[PDB]
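Fold and contact review
Next come the chains, spelled out residue by residue.
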Amino acid sequence: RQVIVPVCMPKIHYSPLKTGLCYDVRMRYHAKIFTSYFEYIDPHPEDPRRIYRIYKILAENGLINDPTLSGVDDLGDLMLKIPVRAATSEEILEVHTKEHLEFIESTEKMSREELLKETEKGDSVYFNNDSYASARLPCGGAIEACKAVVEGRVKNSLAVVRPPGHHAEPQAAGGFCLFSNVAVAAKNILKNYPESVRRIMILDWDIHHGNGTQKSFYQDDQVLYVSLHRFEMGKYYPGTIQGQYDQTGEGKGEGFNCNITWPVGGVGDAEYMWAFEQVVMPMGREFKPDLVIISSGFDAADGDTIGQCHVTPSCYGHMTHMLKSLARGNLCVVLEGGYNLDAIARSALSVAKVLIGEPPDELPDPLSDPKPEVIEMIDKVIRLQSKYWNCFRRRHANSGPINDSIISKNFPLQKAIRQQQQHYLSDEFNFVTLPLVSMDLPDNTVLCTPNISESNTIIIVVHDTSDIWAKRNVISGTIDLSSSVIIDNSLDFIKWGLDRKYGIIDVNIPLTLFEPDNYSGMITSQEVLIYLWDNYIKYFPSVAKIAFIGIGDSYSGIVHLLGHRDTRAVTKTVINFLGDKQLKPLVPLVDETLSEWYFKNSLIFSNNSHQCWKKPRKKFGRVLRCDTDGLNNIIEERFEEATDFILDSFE
Amino acid sequence: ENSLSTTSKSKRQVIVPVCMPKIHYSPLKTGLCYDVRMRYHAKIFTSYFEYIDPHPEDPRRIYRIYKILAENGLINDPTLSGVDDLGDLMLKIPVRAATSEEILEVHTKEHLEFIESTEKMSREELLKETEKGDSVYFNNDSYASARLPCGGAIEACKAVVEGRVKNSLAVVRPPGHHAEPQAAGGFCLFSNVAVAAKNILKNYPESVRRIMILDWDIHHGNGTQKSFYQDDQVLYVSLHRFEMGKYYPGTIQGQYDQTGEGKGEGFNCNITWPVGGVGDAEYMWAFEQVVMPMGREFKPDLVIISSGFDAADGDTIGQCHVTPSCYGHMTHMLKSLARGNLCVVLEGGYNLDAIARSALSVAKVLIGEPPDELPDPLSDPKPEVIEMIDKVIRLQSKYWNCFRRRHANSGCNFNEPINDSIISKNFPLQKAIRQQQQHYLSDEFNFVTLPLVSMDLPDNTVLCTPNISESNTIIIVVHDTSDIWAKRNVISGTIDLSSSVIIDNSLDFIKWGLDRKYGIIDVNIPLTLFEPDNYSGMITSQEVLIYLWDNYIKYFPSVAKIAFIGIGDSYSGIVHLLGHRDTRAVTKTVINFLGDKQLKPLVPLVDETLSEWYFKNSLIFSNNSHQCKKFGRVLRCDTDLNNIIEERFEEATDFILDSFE
Ligand SMILES: [Zn+2]
Ligand SMILES: [Zn+2]
């Protein structure tokens, strides 16, 4: 009965609120006019049916009570309409040149054949008689959304809005894009309110390049322009030089542009997730945007006809949640592109429930293990932004190619590898160096098991040098060279051949320098292979069941033992961990029957992202695609399949 | 006005009927537990009336932050008791006792009867178990109201796994992160978090099997660390100070390298801060480093949130400056990582005000909001934080897939026991450098080693010249691991050996000293060698410097004119030893190529003309993209580091030979 508080009003800031949308029944009208029949077997590259499917997949999934799938003013208690009207033109010429807009103003009064001319002249464009308000209304809607965004009239806004804008360059467009929507929006919110709107991040992953949006703020500092697109400089549309990684901005805008390109289609989730969490979040702190305008486009998802990717809806909903986090609910998610109607619905169904306020779902594939163009793509981007920004300086030992002539005095980098190998394989497994003299190689490099003569079953392993893993430090620059580990990739099959007590011969090959294919290493592999079989092994009478095991390089010397010598009177099946190296096919020389025998009992293992697989001959002879990348990965991993295969080939 | 004006003069037929919508997070509201019966049990005071200071475990801290949430309109009840009716935005949790079958799953029975005995012990024995069982307060009423912290720790969670609440909290006293079966400590009566976290899986192993545990109370959750130590189902994360024993608890089990034990390995992740005073920068760094990718790679079914704001911006024991907006952002970004399978539990925060604003921010994130953004976005952590997090995501590739191939780790694998054995196929390359330069300088110039006998390292680490005793003039070239330059194969962390140019820049000073025919101790710093793993090569390299100077160098017959070439961070202990020992009559000079390394803090011990004698005796050269009186003639150079080594090598040897005239 002693009182400390009364009944009082609860005090929050976000979520009593409703999700604003941008949708129109008149945006469907700008369409392509009948010229060819190939356009039917084309995916209708900007089809107008990208809207309503998404507007189906949210309304019939419970998020909108609607009996009509059109406009009734009772929108429930989670969705807002944004009323878009016919806009004016000075907002458009914040970006555009004026006679670009007079070219668009003409199209209200042009006849048909003149648009067939100007679609022959426009760089993959399309027009219609009904394109005048469809040029203006996405831009005026992009302003009318963003005004509700940065004040916080909506808690979040999203635009299921066609046509796209990101190919509408100021002089003359090209790329199906009438006027730029987001660039007009981002100019006019800075120049209507530089009190609320102080800095804008524009991000895009519509996988055609935003050349209509880049040059609008290529000079500007207040827009951090992050773009994500396939480059493919002439082939895929468009390949500008504005899409390239060197475009860090201009003048005051230097560092306020960030291009991310994609060299191949068919990529997945943690490509975008891992790339997103590397670049998008720290500079999305340090840049301090108020609003990030978020540019979707369905040329890039799972099931797209052109992008052909593997990217889940869930990946999109997780980046929806973290850019909900990165802004303060200053969210304008906009849509640009799309070919398919089936990528769009699963992705919109994931993302719009995040923008109601649910967390996104757990990952259907949490293991993309992303494709290595994404891994080596963003590194030079971090180099130029670390030339401009604090948020990747010293976080990756960055600090904001200079000499090539110090080569003649150098720590020779391969001697103590094979000396160290020689000492532990000389004590633990006690390898006789049996030297192949009257040749050229260092001495302790051919290490055999003793009594190799009476040892019938001989396992030979030739390899390169050891693999060298390293740690590079993070505080200042260079590579922490102690924590370089020396991956001796030959130990386990040596332990298998001494587990079964075979004649083990190991040959290391010193590599060739600065060279794509390790060619003189292949030359001395033919010298080794021809010298061993033409000097001592026919003069071993007590011999059967030989297998050759090549790691990495120099397969063509053992190919030269097959196609140039009858070594298969004693040997049975050759093993190659090729991996990333170039294909060494067996040339058909005496016949193609020994190549057919090669095609029946041999093993070659190569990578996923190696030369092929983007079918081949029988003279390659059962080369096996591997998705666990590295020589070390298949040497530890398919130990067991190797010792089942060659003991299938033996007794 | 317009053109189209579509004619729909019809009864437009209904597509989807009257239905309840498919939303599946937040139609319901956050649960809150509160009872006055936790506000009872206290301490017995002896010397003076010690109600001047509130104790860090206190009956009013719950009512403090409960009053902070009473300020913000959430509670209609005037009494501020535990009742259910509050408005429409939260919901209250009831509490039954933890029964002895619910708490004796983990606990010894002696613990339960001992609490039941100190329920009725005498006041002298309340002081005796206060002094005997360390750091646990006692008073003559325990078991009638100690049943309820663990009891609510059970019974809040069954609303979560049923789906009667999105996610919730547990404001609770006493804590539970320093309590074991056989013992306790740390103001803990029972472990409220282990008897929060077992019971959901034991009473329901039909919806939840794997649980992740957050802990950022900067006292390490030590009693619960052993409670799930072999439990492979339960992944655990704790963030805490280490201090080598001195912060509480301060053990070897509060160390970053405890991955787990038995089958529970890879389910235990510790984070040690080597120095406090951290802010939002290191938490939003580390929170996106390890938590998010393995939290997507693992995907638990429930997350227990051990919450402690003893490192908050305003709190005194954790001494740190982490603002409430950081706590709100770490609240906000873990909704996505599970489905929302979250429950906060109160663990730490002993200033009355930092826990108030911090839990005020966590409350108005998880009642449905994003937090306020970070007020310093050019935030810039301590570099040793990122160094220790590099050593965190070092050994992650021996288990986890998300931390290899993206963070350049897939070539190595640390399930290889990293040694010159065969089961290691990974071999340390600083021994290959030193075996190569050992073999190389012995077939070149017959070069010998030292032992570090009585020093905890391996033997072939450090070298010297043959007959250093009659070497009357001694150069000491001090070096860290050298510097190679290649393309960055950034999938694996392996390199291309063909594109890689290693300079042994110190060897040029060695051969230049062979144009002087003078003595050399080739001192090497591998950066800790990673094998004792608790290790800082700074201080142990200073122990080597003590070991050389105070065991060998002064006691030499013709000793004179001693030169000292430290290289970068391997000049830092020369800041120590020259600071700590008087060498000034026998030193002619002391050389540094810093480059882009940091400056090293001057620690003098013998006289204050060390800085001026060292200012005479030093040529120090630093890099140009480095952009950099008592640190002794630090010359920034022009042409680059190895261009300024060929630019300033002549400068250094000309200063040495003009010290020789
Ligand atoms: Zn587009
Ligand atoms: Zn604490």
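Residues numbered from 1 in each chain as written, not as in the entry; some residues may be left out. Chains lettered and ligands numbered in written order. Part of a larger assembly, values for the part shown. Heavy atoms only, no water. Residues with missing side-chain atoms left out of burial classes, pairs and counts.

Per the deposited record, the coordinates in this entry were obtained by cryo-EM to a resolution of 4.43 Å.

Some thoughts on the overall build of chain A
For clarity, the cut-off: Under the DSSP-based scheme used, a helix requires at least four consecutive residues in state H or I and a strand at least two consecutive residues in state E, with every element numbered from the N terminus. Residue exposure (1.4 Å probe, protein chains only): buried if accessible area is under 20% of the type maximum, exposed if over 50%, otherwise partly exposed. To measure how exposed things are, a 1.4 Å probe is used in the Shrake-Rupley method; for residues, cover is taken only from the protein chains shown. Charge counting treats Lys and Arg as positive and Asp and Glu as negative, with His and both chain ends excluded. To locate a charge, the coordinates of NZ of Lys, CZ of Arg, CG of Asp or CD of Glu are taken.
Across its full length, chain A carries 19 helices and 18 strands. Projected onto the principal axes, the alpha-carbon positions of chain A cover approximately 95 × 80 × 60 Å. Going through the 651 residues of chain A one by one, you find that 58% of them count as buried. Element-wise, carbon and sulfur atoms account for 54% of the exposed surface of chain A, whose accessible area totals about 27,400 Å². Averaging the coordinates of the 67 positive side-chain charges in chain A and doing the same for the 85 negative ones gives two points 4 Å apart.

Describing the sheet that holds strand β6 (residues 302–308) of chain B
All names here are of chain B. For the record, the criterion: For two strands to be treated as a pair, DSSP must find no fewer than two bridges joining them. Interaxial angle, 0 to 180 degrees, is taken between N-to-C directions of lines fitted to C-alpha atoms, where a helix line uses only the stretch in contact.
Taken in spatial order, the 5 strands line up as β5-β4-β3-β6-β7 in an open sheet, and their pairing is parallel. The strands lining the two open edges of the sheet, one partner per strand, are β5 (268–273) and β7 (342–348). Each strand axis lies, on average, 15° off the axis of its neighbour in the sheet, ignoring direction. Note: strand β3 (residues 211–215) against β6, 5 bridges, orientation parallel. The partner of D215 across the bridge, within β6, is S306.

Things to note about the coordination of the zinc ion (ligand 2)
All names here are of chain B. Rules: Donors, by definition, are the N, O and S atoms found within 2.8 Å of a metal, the threshold being 3.2 Å for Na, K and Ca, and water is not counted, so a site can look incomplete. Irregular is the default label, applied whenever a site is not tetrahedral (four donors, all angles between 85 and 135 degrees) and neither square planar nor octahedral (four or six donors, opposite donors over 155 degrees apart, all other angles between 65 and 115).
Coordination of the zinc ion (ligand 2) by the protein involves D217 (OD), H219 (ND1), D310 (OD) and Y350 (OH), with metal-donor separations of 2.2 to 2.4 Å. With 4 donor atoms in place around the zinc ion (ligand 2) and angles of 77 to 160° between them, the coordination shape is irregular. Within one chain, the residues donating to the zinc ion (ligand 2) are spaced in sequence as D-x1-H-x90-D-x39-Y. In this pair, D217 is assigned in the loop between β3 and α9 (222–225) and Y350 in the loop between β7 and α12 (354–366), connecting sequence segments 133 residues apart. Taking the relative accessible area as the measure of exposure, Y350 reaches 18% and is therefore buried.

Some points on the coordination of the zinc ion (ligand 1)
Geometry sets the ideal angles at a metal, namely 109.5 degrees for four tetrahedral donors and 90 or 180 degrees for six octahedral donors. Residues and elements named next belong to chain A. Protein coordination at the zinc ion (ligand 1): the donors are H166 (NE2), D206 (OD) and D206 (OD), at 2.2 to 2.8 Å from the metal. Note that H166 is positioned in the loop between β3 (157–159) and α6 (182–192) and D206 in the loop between β4 (200–204) and α7 (211–214), a separation of 40 residues in sequence. A relative accessible area of 4% means that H166 is categorised as buried.

Focus on the pairing of β7 of chain B
Residues and elements named next belong to chain B. Heads up, the rule is: Here the term right-handed applies to a crossover when the path leading from its first strand over the helix to its second strand runs clockwise, the strands being oriented away from the viewer.
Where burial is concerned, most of β7 is hidden: 7 out of the 7 residues are buried. Looking at chain direction, β6 and β7 are connected through 6 bridges and run parallel. When the bridges of β7 are listed, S306 appears paired with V345. Traced from β6 through helix α11 (residues 324–332) to β7, the parallel crossover comes out right-handed.

A look at the interface of chain A and chain B
When the parts of a complex come together, some accessible area is lost, and that lost area is often used as the size of the interface. As a reminder of what qualifies: Residues count as neighbours in contact if any of their non-hydrogen atoms are within 4.5 Å of one another. Amino acid classes used here: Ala, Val, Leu, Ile, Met, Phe, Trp, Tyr, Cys and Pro are nonpolar; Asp, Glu, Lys and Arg are charged; the rest, including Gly, are polar.
Between chain A and chain B, the contact holds 109 residues from the first and 112 residues from the second. Element by element, the count of residues in the side of chain A that touches chain B is highest for strand β13 (residues 479–487) of chain A, at 8 residues. Along the lines of polarity and charge, the residues of the side of chain A that touches chain B split into 51 nonpolar, 27 polar and 31 charged.

Some words on the nonpolar core
Among soluble globular proteins, nonpolar side chains are generally buried collectively. Convention followed: The nonpolar core is taken to be a set of buried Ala, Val, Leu, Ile, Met, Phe, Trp, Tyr and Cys residues, with the residues joined through side-chain atoms within 4.5 Å.
One finds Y283, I304 and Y327 of chain B to be the most contacted residues of the largest nonpolar core, which totals 99 residues. Residues within four places of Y327 of chain B in sequence aside, it is in contact with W216, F309, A311, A312, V322, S358, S361 and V362 of chain B. Formed by 64 residues, the second largest nonpolar core is a distinct cluster that contains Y236, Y316, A348 and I378 of chain A.

Quick word on the packing of helix α1 (residues 61–71) of chain B against α12 of chain B
All names here are of chain B. Spelled out, the test is: Any angle from 65 to 115 degrees is called roughly perpendicular, while one under 35 is roughly parallel, one over 145 is roughly antiparallel, and all others are oblique. Left-handed describes a crossing whose near helix is turned anticlockwise from the far helix through less than a right angle; right-handed describes the clockwise counterpart.
The N-to-C vectors of α1 and α12 enclose an angle of 50°; their axes lie 9 Å apart at closest approach. Comparing the axis directions of α1 and α12 gives the class oblique. Read as a crossing pair, α1 and α12 show a hand that is right-handed. Of α12, the residues touching α1 (which contributes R61, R64, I65, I68 and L69) are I355, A356, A359, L360 and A363.

Quick look at the packing of aromatic side chains
Quick note on the threshold: Aromatic contacts are taken between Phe, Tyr and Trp rings whose centres are within 6.5 Å, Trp giving its six-membered ring; a plane angle under 30 degrees counts as stacked, one over 60 as edge-to-face, and the others as tilted. In our convention, an over-ring charge means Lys NZ or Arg CZ found within 6 Å of a ring centre and within 35 degrees of that ring's normal.
Applying the stated rule across the entire model yields 32 aromatic pairs over all chains. The interplanar angle of 85° and the centroid separation of 6.3 Å between the aromatic rings of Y502 of chain A and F650 of chain A together place this pair among those described as edge-to-face. Take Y502 of chain A: its relative accessible area is 8%, and that puts it in the buried class. For the ring pair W512 of chain B and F649 of chain B, a centre distance of 6.1 Å and an interplane angle of 85° mean the geometry is edge-to-face. Taken individually, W512 of chain B and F649 of chain B each receive the classification buried, so the pair is uniform in this respect. Three or more aromatic residues link up through ring pairs in this structure, and these residues are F509, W512, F593, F621 and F649 of chain B. Between the NZ or CZ atom of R136 of chain A and the centre of the ring of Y132 of chain A, over which it lies, the distance is 4.9 Å.

Here we look at the pairing of strand β10 (residues 473–480) of chain B
All names here are of chain B. Of all 8 residues in β10, 8 are buried, a share of seventy percent or more. In β10, alternate side chains face the same way, and those of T473, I475, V477 and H479 on one face and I474, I476, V478 and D480 on the other are all buried. Relative to strand β11 (residues 519–520), β10 is paired through 2 bridges, and the arrangement is parallel. For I474, the partnering residue across the bridge sits in β11 and is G519. Bridging between β10 and strand β12 (residues 523–525) involves 3 bridges; their strand directions are parallel. Bridge pairing links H479 to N524 in β12.

Structural notes on the side chain of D483 of chain B
Definition in use: For salt bridges, the criterion is a side-chain nitrogen of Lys or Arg within 4 Å of an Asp or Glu carboxyl oxygen. Any pair of nitrogen or oxygen atoms within 3.5 Å is treated as a polar contact; in protein, a donor-acceptor pairing is required on top of that, and neighbouring residues in sequence qualify only through side-chain atoms on both sides.
Tracing the backbone shows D483 of chain B in the loop between β10 and α15 (505–514). For the buried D483 of chain B, which has no salt bridge, the nearest side chain bearing the opposite charge is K597 of chain B, at an N-O separation of 11 Å. A polar side-chain atom of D483 of chain B sits 3.0 Å from a polar atom in the side chain of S482 of chain B. When sequence neighbours within four positions are dropped, the list of residues in contact with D483 of chain B reads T478 of chain A together with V501, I502, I503, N505 and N642 of chain B.

Looking at helix α17 (residues 572–580) of chain B
Residue and element names in this part refer to chain B. For α17, a buried count of 9 out of 9 residues is recorded, marking the element as mostly surrounded by other parts of the structure. The set of residues buried in α17 consists of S572, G573, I574, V575, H576, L577, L578, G579 and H580. Of the surrounding elements, those touching the buried residues of α17 are β10, α16 (537–549), β13 (560–567) and α18 (610–616).

What about a nonpolar patch on the surface?
Note the cut-off: To count toward a patch, a residue needs a relative accessible area over 30% and no salt bridge; like charges are then connected within 9 Å, while nonpolar side chains (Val, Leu, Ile, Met, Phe, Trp, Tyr) are connected within 5 Å.
Together, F34, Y37, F38, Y40 and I41 of chain A give the surface a local cluster of nonpolar side chains, amounting to about 710 Å² of exposed area. Assignment of secondary structure puts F34 of chain A in the loop between β1 (19–22) and α1 (38–41).

Remarks on α16 of chain B
Residue and element names in this part refer to chain B. Which entries qualify depends on this criterion: Helix span, as expected, comes to 1.5 Å for every residue beyond the first.
Between its terminal C-alpha atoms α16 stretches 18 Å, which fits the 18 Å expected from 13 residues at 1.5 Å a residue. Taken together, the buried positions of α16 are occupied by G537, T540, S541, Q542, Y547, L548 and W549. Looking at the packing, one finds that the buried side of α16 touches β12 and α17.

Here's the deal with the environment of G317 of chain A
As for its placement among the helices and strands, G317 of chain A is situated in helix α9 (residues 313–326). For the pair formed by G317 of chain A and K353 of chain A, sequence separation is 36 residues and the distance between their alpha carbons is 8.3 Å.

Some details on the UniProt feature "active site" in chain A
Residue and element names in this part refer to chain A. For the record, the criterion: UniProt positions are given in the numbering used here, feature names are shortened, and annotations may be inferred rather than shown by experiment.
As annotated by UniProt and renumbered to match this structure, "active site" occupies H167. Positionally, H167 belongs in the loop between β3 and α6. Overall, the relative accessible area of 2% leaves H167 in the buried class. If we ignore the near neighbours within four places in the chain, the residues touching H167 are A173, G174, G175, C177, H208, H209, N211, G212, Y237 and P238.

Things to note about the UniProt feature "active site" in chain B
Residues and elements named next belong to chain B. In this structure's numbering, the residues bearing the UniProt feature "active site" are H178. Here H178 lies in the loop between α6 (157–162) and α7 (194–197). Once you skip the residues sitting within four places of it in the chain, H178 turns out to touch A184, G185, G186, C188, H219, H220, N222, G223, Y248 and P249.

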